[PDB]
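Written out below as structure tokens is the structure these notes cover.
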Ligand SMILES: OC[C@H]1O[C@H](O[C@H]2[C@H](O)[C@@H](O)[C@@H](OC[C@H]3O[C@H](O)[C@H](O)[C@@H](O)[C@@H]3O)O[C@@H]2CO)[C@H](O)[C@@H](O)[C@@H]1O
Ligand SMILES: OC[C@H]1O[C@H](O[C@H]2[C@H](O)[C@@H](O)[C@@H](OC[C@H]3O[C@H](O)[C@H](O)[C@@H](O)[C@@H]3O)O[C@@H]2CO)[C@H](O)[C@@H](O)[C@@H]1O
């Protein structure tokens, strides 16, 4: 029992309101250092004789990362007010952790010793559109999906798929192409399309916005967008658009004016300009995305720039009915803006998925007053290092997955954007060194993990390539090229996910196999149903023992449909190289 | 090194923008475990020759508590963007602490391992009024200060000072009384007056409001309030009113109504009612302050309530130019509401001090989007447990002191409302058990601590009594009965506080004393100023040595005036029981 490692603080991941009456509490201890923990809790004003009235509830260890045990307790305070503490036991030896420090005995003559959650407010409750939890995304890079209309393909467009993607090449893909391949997506199981920037911009990626109210001429038109979205909506698909608000393009109307007028520009305060007139040599004299001259940072602090951006935001929702906004480099925009952004957006269309792009611990942006989710990169890094690269062991993977999960609140975790790759990364199959068997595992872990999974175009058919622009080759539409074992694999898994809530929203726990270096075993539970997953992460066959109690326990193979039961001597599966299996557990 | 004890989370007290180009980073470690710490930092996009240009800035240990060491670092990102990690040294052993975990050597092929502080936006910077940081408040209980206008006292009042008050007694205290005695305060040094509730309320404490827009008649009228405030302004004193928004009183018009027309009431949504019709037996079927039927909880999520309390907030400010609101039981009101509260208030009178009564860690209400400051109860707890009750040791008081301070951002601690007692706690003299010496040590530690200190009426003249109602006696105006020793003592200190910047805005640290059981040596510094204080929390004469490097060292007794130099053998200090001394330190 080492106090040095004990920790809890009343906010974010450690203390939060799950729903209106239930609030969850976490505690963190040294790995294996504690046996059991009990939450001390009671209404702040419940008193009898100079004694505070409390109840004791045991906490359950929900996971462990490299060097910490995480404990969980969910209490529905009688009057929505609560004061709590923790009683730690190490082989019957006890300790008392509170806001005022530790003690051998439980203080009861005042409540200032204890941590406090003053009151459960419905309006503060974190809440992300429920649908996203059941959705399964497919990110599209319009320029390279499908050229469904050549008349508007920019001059120079290379023959589709012909050569390798360069920073300045074009192939003529357009929104019409997407409308032209929607069934394909509807067949895969996709239920949401996330598109990358489409508003008019010089480049092929469109991350350097030219006009936030115009559909890039080469992609199509308002008329064309609407039909895309409506066609998607009738097919049961939601549409997410990308919003590059951190900065604009060199060609942004206002920026041009500041450049050709400088100090006297009607828009000098629209940017982060230090010296006049603007320069670029050696480096820019005005803040930019990184050090890119064509991407001058917008000043979201100016009431105008702010009004404008808020207009753009509501415009598209109000005029096209998109179901969400993906906002890149969002972590670089001030919280004050994001606070409004939500207010306005949510005022218009309540269940709009506001996904901010953040490449690090995003807790400050996931409290309920801003984004609904972020890009779960820790998930990405993890899954790849284990399944694809094979650089970390299974205990390590379980460690990092638990580490990222206990880092946020449960409801925030339920709406996490889980992707294995993107337009800014290498192609998952290329990371797998070309091993399809591995990619199969990624999708497997992806599609059984709680949250909102996203699939990068072509990763389901086996596309390959390095990192940007290499990961942006044209979609592959010829069957003789698109690895079908994967298609059916993905398609198959997407089906299971829709079928099993535990997969979509349940809790995850890792069972210790007799080799935490190549075999990974875990299960998903939403309290009602339970699915079990066993993976053989190695290039050899293996006989794996399923660690389950057999009393009234039945397992169902979700891939073959087969069924059977665990006896007074349960069994052990055995998969081939990179093999796997899913079992629905029944407790009769 | 103890990895499990090392900790850092990019937010709240650990990472925060101090100003518009300077941000603070803080790290936690097991006390004495780490030799040195260095902050590894650099701009997220400054790469050259394929290597991330990052620098190594050494960190400073600003204190420790029971179990930890706290390290500090001040950094100005060249482009207001920053990626960082921490490097720890213990002998030859090296650890690199990052968002992605511990490493035994600086990873450099990426910036993702590192903790991140995206951008420095002025709109996200924390800012409490500055005037507050040089103020010294005096808390008054209008009912017990002075019966300036005996024509409006309530029927039944007792001759001023007749006997010990009761929860229902009245001594006809009024606002005129305050005005009449302003000179007494102007003489003491008071530069800020905080008043408890003054709006219409059947009680003698007025915490159960009847009408937020009416000044209790027995206290005075709108007109009388102006003059008190206008007169206060010319004597250079700020005025702060106490607003009770968490709950109303049984006599509050809207509630009375619900109490007549149940579920049909046009106001049933201004409260937290569980079943209709309302009931108080066996217990109230509606949420109240604690379990007090007379105090119905307002539902600040309701749009009408919300708009109402906001108008009340800006009404008095707007028409009476008050200098700040002390918001009662603020931790039980939703965050969203406080966010409007600040928006509204600040747009009206930016320098309005927004103080919230939160009896526990309040990090969540102090991010700059809600409260400017809260009652620093931890302060009071430590201060009394050591100087008054003599329960904890000096070392303990020290840790407790650092523990709190390090749980908040330097700029937040800069505006803390540091009080020793209220109309809710007993009397400081009564807690010292009569010893005027101990109490005298309290004013000392209070008036040498950073923040905004406050003095309970009478404390400065030796008034006594137990916990509510006993602590709310009638202000002793008889010179034959008030304790003039303390008065001057207090008048003496507030003066030094005024002239010694380092005393109100400086950093604090505890010079390890020999008898780490009864002596306390600490100094205050703001970068230039440097005051040192030595206290003999003992009932015996003590010879206490001064731990200071004496190469160009000049001490200045801020009490006698005497000046002297420090020699190789650090000068020792002789002090009587419970004696004390403050020196000004000059390095030449
Ligand atoms: O300017 C050159 C590149 O611009 C565009 O890159 C986009 C990127 O595609 C988009 O996802 C986003 O990325 C945000 C992150 O960028 C880096 O990875 C930082 O480390 C991280 O802190 C950011 O959050 O924004 C950029 C800029 O618009 C083009 O897509 C890319 O092809 C160009 O090479
Ligand atoms: O009739 C009930 C009481 O009402 C008033 O009490 C005030 C109190 O003076 C004011 O500071 C504030 O206190 C809130 C705190 O109350 C307790 O101390 C809890 O331990 C703490 O957690 C709360 O934050 O609000 C109450 C209610 O108005 C009268 O002053 C008091 O005499 C009455 O008993």
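Protein chains in written order, with the numbering used here: chain E, 776 to 1363; chain P, 776 to 1363.
Positions of the beta carbon are idealized from the N, C-alpha and C atoms, including for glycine.
Looking only at its own chain, which residues have a Cβ that is under 7 Å from the Cβ of residue 810 of chain E, when we skip the five neighbours before and after it? Excluding residues within five positions, the ones whose Cβ falls inside 7 Å are 864, 865 and 866.
Mind checking whether residue 1135 of chain E and residue 891 of chain P have CB atoms under 8 Å apart? yes
What's the C-alpha gap between residue 1390 of chain P and residue 950 of chain E? Outside the modelled stretch of chain P, which goes from 776 to 1363, sits residue 1390 of chain P, for which no answer is possible.
So residue 1352 of chain E contacts chain P; which residues on that side make the cut at Cβ distance below 7 Å? Near residue 1352 of chain E there are no residues of chain P at all, since even the closest Cβ is about 30 Å away, more than 7 Å.
Who pairs with residue 1176 of chain P in a beta bridge, going by DSSP? Residue 1176 of chain P pairs with nothing; no bridge assigned.
Compute every distance between the C-beta of residue 1134 of chain P and the non-hydrogen atoms of ligand 2, then say whether any falls below 7 Å. yes
Got a sec? Which residues, its chain only, sit under 8 Å from residue 1232 of chain P by beta carbon, not counting five neighbours each side? 913, 914, 915, 916, 919, 920, 1238 and 1250
Quick check on this structure: which residue in P:910, P:827, P:862 and P:786 has the alpha carbon closest to the alpha carbon of residue 1271 of chain P? P:910
At a CB-CB cut-off below 8 Å, which residues of chain P make contact with residue 1131 of chain E? In chain order: nothing, as chain P lies at least about 11 Å away.
8 Å Cβ shell around residue 988 of chain E - same chain, five flanking residues per side excluded: 974, 1087 and 1090
Closer than 7 Å between beta carbons: that is the criterion. Which residues of the segment 1146 to 1166 of chain E meet it against chain P? none
So for residue 753 of chain P, helix, strand or coil by DSSP? Nothing about residue 753 of chain P can be reported from this structure: the residues present for chain P run from 776 to 1363 only.
Could you tell me which uninterrupted alpha helix (DSSP H) segments, each at least 4 residues in length, are contained entirely in the segment 904 to 983 of chain P, listed from first to last along the chain? 950 to 963
Buried or exposed by the 16-neighbour rule on C-beta atoms within 10 Å, applied to residue 1175 of chain E: If you draw a 10 Å sphere on the C-beta of residue 1175 of chain E, you find 16 or more other C-beta atoms in it, and that means buried.
Consider the C-beta atom of residue 1067 of chain E and the heavy atoms of ligand 1; say whether any pair is separated by less than 7 Å. Yes, the beta carbon of residue 1067 of chain E sits closer than 7 Å to at least one heavy atom of ligand 1.
What does a CB cutoff of less than 7 Å around residue 1243 of chain E pick up in its chain, not counting 5 residues either side in sequence? 1198 and 1199
Would you please verify whether the beta carbon of residue 1228 of chain P is less than 8 Å from any beta carbon of chain E? It does not: the Cβ of residue 1228 of chain P has no partner Cβ on chain E nearer than 8 Å.
Is the shortest distance between the beta-carbon of residue 1106 of chain E and the beta-carbons of chain P less than 8 Å? yes
Please confirm whether residue 1037 of chain E and residue 1059 of chain E have their CB atoms less than 8 Å apart. no
In chain order, what residues of the same chain lie with their CB nearer than 7 Å to the CB of residue 1193 of chain E, ignoring the 5 residues before and after it? Apart from sequence neighbours up to five positions away, the residues of its chain that approach residue 1193 of chain E with a beta-carbon distance below 7 Å are 1151, 1154, 1221, 1224, 1226, 1227, 1228 and 1229, ordered along the chain.
Three-state secondary structure (DSSP) of residue 1273 of chain E: helix
Under 8 Å from the C-beta of residue 843 of chain E: neighbouring residues of chain P: 779
Between which two residues does the alpha helix (DSSP H) harbouring residue 1185 of chain P extend? 1185 to 1188
Three-way DSSP call (helix, strand, coil) for residue 799 of chain P in this model: strand
Taking 7 Å as the cut-off, does the CB of residue 819 of chain E come closer than this to any heavy atom belonging to ligand 2? yes
Examine chain P for any beta-carbon lying closer than 8 Å to the beta-carbon of residue 805 of chain E, and answer yes or no. So yes, residue 805 of chain E belongs to the interface.
Sorry if obvious, but does the Cβ on residue 1027 of chain E come closer than 7 Å to a heavy atom of ligand 1? No, since every heavy atom of ligand 1 falls outside the 7 Å radius drawn around the Cβ of residue 1027 of chain E.
Is any beta-carbon of chain E found at less than 8 Å from that of residue 891 of chain P? yes
C-beta contact flag for residue 1116 of chain E and residue 1073 of chain E at 8 Å: Result no, Cβ atoms of residue 1116 of chain E and residue 1073 of chain E do not sit closer than 8 Å.
Note down, in chain order, each residue of its chain lying with its Cβ closer than 6 Å to the Cβ of residue 1275 of chain E, except the 5 sequence neighbours on either side. The beta carbon of residue 1275 of chain E is closer than 6 Å to those of 1306 in its chain, skipping five residues each way along the sequence.
Listing by chain order, which chain P residues have their CB less than 7 Å from the CB of residue 785 of chain E? 1136
Whose C-alpha, out of P:798, P:778 and P:1338, is nearest the C-alpha of residue 806 of chain P? For residue 806 of chain P, the nearest C-alpha among the options comes from P:778.
If we cut at 8 Å on Cβ distances, does residue 754 of chain P have a partner in chain E? Since the first and last residues shown for chain P are 776 and 1363, residue 754 of chain P lies out of range.
Does the segment 938 to 957 of chain P come into contact with the segment 1258 to 1271 of chain P, if we say contact requires no fewer than three beta-carbon pairs (one atom in each stretch) closer than 8 Å? no
Measuring CA to CA, which of E:1281, E:868, E:1169 and E:1264 is closest to residue 1292 of chain E? For the residues E:1281, E:868, E:1169 and E:1264, the minimum Cα distance to residue 1292 of chain E belongs to E:1169.
Using DSSP's beta-bridge definition, name the partner residues of residue 830 of chain P. P:816
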